[PDB]
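Novice: The structure under discussion is supplied below as C-alpha cells; questions concerning it will follow.
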Ligand SMILES: CN1C(=N)N[C@](CCC2CCCCC2)(C[C@H]2CCC[C@@H](NC3CCCC3)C2)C1=O
C-alpha cells in the first residue's frame, strides 16, 4: 500500500553505498548503517577510526549484553573483525518497534569504512547460512520478524541522481526508500514481476537469457549463473562471470562503435567525459536480463539503460562517468547500479524477488528502463549451476 513513515529514509549513492538511520542501545545511540543485501551480519564501528565521527559505545548502553565471542570476516575487497553481543535496536524511519538483535562491535578493519560515505556500520539483510562466524548467529531481519508482527518482506528503491553529488549535496539529498514489512505502490510504475529465490543464503536468482539492444548474447545459460547470481545492494557494479563479461563487453563495444573508448574505460578504471549535457546516451545499448518466472516455462525481463550502467563521477563542467560493469570470478552480482533502475521486493515469506520499473530511475526522452513479460522459456532449471 502506502508506507509514508519509511518512504525517503535512505541516503547515499552507488559508489559509496545507501544507508538508513538506526539506533542501538539504551539510551539510543544513533548510527547510519549501510543497507547490504549481500551479507548477513549487523556490524557496527565500535572503536575510533579516521573515517568515523561516531561509533557504538557498549559501555554507555544499559541493555548491552556481551556474548564473549569474537568474529573475523575476510572478504575479497577487505576485512572486518569484532566482538559479538546483543542490544536493543530500532529504525527511526521504520516500523515502530524495538528488537533485541545480535551486533558485532567492530574493533579492527581493512577497506571497510569509506571516507565520506556517512555510514558507521552495515546491515546484512541476507540469510543465516552466510552469517559469520556461523548460521547460529541470527541475522537482524530474522530477529525483527520473530519478535514483532512485521511481515517477512522488505523492499528497496535505490535512487541514483544521474549526476555527481558533492559532499554537502549527498548529505542533503534523498537516496531512496527501504520499506520494512511491505510494498509501497508510489515507488514504482507498471507491474511487479517475480523471480524465485533459488536458495536462501545470498538472494540467489537464475538468469535465463541476456540481450544487448535485443541481440541475444547466445551463451549456454549456465554461464550467466556460474557459480551463482545474486542481488546485492552492497556491491556498486553489475558484475558478470569472466566469460560473460568478455562477450557482453564485445557486444557493448560493437553497439557503441561510433565512438572509441580507451581500454581503461572498459576495465571500469578510467572515467570518460563529455561537454555538459552532450552525453551520447543513444549510442550505448540497453541491456536486458531475463529472469526465471514463477510459472513453469515462463520468464520475464528487466531492461537497463546506459543511464544505469554508466556511473556519474566528478572530473570542469563536463559530464563524466565510469563504466559500472565489471568482471567476477564468483558469479553474477546485480549491484546498486542495476538496482537503481528498479523497485526491488525481497519477498522472503514467498521465497521470491520482485522487480518493477523505479519511479526514480534516470532516463531520457527516448528510452526508459522496463520490466516486461511473459516470455516462453524452456529448461530454465538447467540455467542454474551445481557444485
Ligand atoms: C560484496 N560484499 C557485500 N555486499 N558485503 C561485504 C561482505 C560479504 C560477505 C562476507 C562473508 C560471507 C558472505 C558475504 C562487505 C561490505 C563491507 C562494507 C563495504 C561494502 N561494499 C561497498 C559498499 C557499497 C559499494 C561497495 C562491502 C562484501 O564484500
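Following Swiss-Prot, chain A residues are numbered 58-372, 376-447, in order.
Looking at the header, which is where the method is noted, we find X-ray crystallography, 1.6 Å.
Cβ coordinates are placed from backbone N, Cα and C, and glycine is handled just like the others.
Heads up, here are the entries from Swiss-Prot:
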ACT_SITE  93  active site
MOD_RES   126  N6-acetyllysine
CARBOHYD  153  N-linked glycosylation site
CARBOHYD  172  N-linked glycosylation site
DISULFID  216-420  disulfide bond
CARBOHYD  223  N-linked glycosylation site
MOD_RES   275  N6-acetyllysine
DISULFID  278-443  disulfide bond
MOD_RES   279  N6-acetyllysine
MOD_RES   285  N6-acetyllysine
ACT_SITE  289  active site
MOD_RES   299  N6-acetyllysine
MOD_RES   300  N6-acetyllysine
MOD_RES   307  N6-acetyllysine
DISULFID  330-380  disulfide bond
CARBOHYD  354  N-linked glycosylation site
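Burial and contacts for the listed features, if you can.
Specialist: Following the DSSP three-state reduction, the secondary structure of residue 93 (active site) is strand.
Sequence-distant neighbours of residue 126 (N6-acetyllysine): residues of the same chain at least 6 apart with a C-beta under 8 Å from its C-beta are 140, 141, 190.
When other Cβ atoms within 10 Å of the Cβ of residue 153 (N-linked glycosylation site) are tallied across all protein chains shown, the result is 9. For the recorded site, residue 153 (N-linked glycosylation site), the DSSP three-state label reads coil.
Around residue 172 (N-linked glycosylation site), the same-chain residues at least 6 positions away in sequence with a Cβ under 8 Å from its Cβ are 107, 108.
A coil conformation is recorded for residue 420 (disulfide bond) in the three-state DSSP classification, outside any helix or strand.
Other Cβ atoms within 10 Å of the Cβ of residue 223 (N-linked glycosylation site), summed over all protein chains shown, number 9.
Packing around residue 275 (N6-acetyllysine) is summarised by its Cβ count: 10 other Cβ atoms lie within 10 angstroms of its Cβ, all protein chains included.
Counting every protein chain shown, 24 other Cβ atoms lie within 10 Å of the Cβ of residue 443 (disulfide bond).
Counting only same-chain residues at least 6 apart in sequence, those with a Cβ under 8 Å from the Cβ of residue 279 (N6-acetyllysine) are 442, 443, 444, 445. The secondary structure of residue 279 (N6-acetyllysine), as reduced to three states from DSSP, is helical.
Of all Cβ atoms in the shown protein chains, 20 besides its own fall within 10 Å of the Cβ of residue 285 (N6-acetyllysine).
Within the same chain, residues at least six positions away from residue 289 (active site) with a Cβ under 8 Å of its Cβ are 93, 94, 95, 259, 260, 393, 394, 395.
For residue 299 (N6-acetyllysine), the same-chain residues that are 6 or more apart in sequence and have a Cβ closer than 8 Å to its Cβ are 387, 388, 389.
Proximity of residue 300 (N6-acetyllysine) to non-local residues of its own chain (separation of 6 or more, Cβ distance below 8 Å) is seen for 276, 280, 283, given in sequence order. DSSP classifies residue 300 (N6-acetyllysine) as helix under the three-state reduction.
Under DSSP, residue 307 (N6-acetyllysine) is assigned to a helix (H, G or I) in the three-state scheme.
In the three-state DSSP reading, residue 380 (disulfide bond) counts as strand.
Every protein chain shown contributes to the tally, and the Cβ of residue 354 (N-linked glycosylation site) ends up with 13 other Cβ atoms within 10 Å.
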Novice: Consider the recorded positions 153, 275, 278, 420 and say which one has the Cα lying nearest the Cα of residue 354 (N-linked glycosylation site).
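Specialist: In terms of Cα distance, residue 354 (N-linked glycosylation site) lies closest to 278.
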Novice: Can you list which of the recorded positions 126, 285, 300, 330, 354, 443 have their Cβ under 6 Å from some atom of ligand 1?
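Specialist: None, by Cβ distance under 6 Å.
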Novice: Could you check which of the recorded positions 153, 216, 223, 275, 420 is the closest Cα neighbour of residue 380 (disulfide bond)?
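Specialist: Result for residue 380 (disulfide bond): the nearest of the recorded positions is 223.
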Novice: In sequence order, which residues at least six apart in the same chain have a CB under 8 Å from the CB of residue 307 (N6-acetyllysine)?
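Specialist: The list for residue 307 (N6-acetyllysine) is empty, so the answer is none.
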Novice: Quick one: Cα separation, residue 275 (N6-acetyllysine) versus residue 330 (disulfide bond), in Å?
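Specialist: The separation of the Cα atoms works out to 32 Å.
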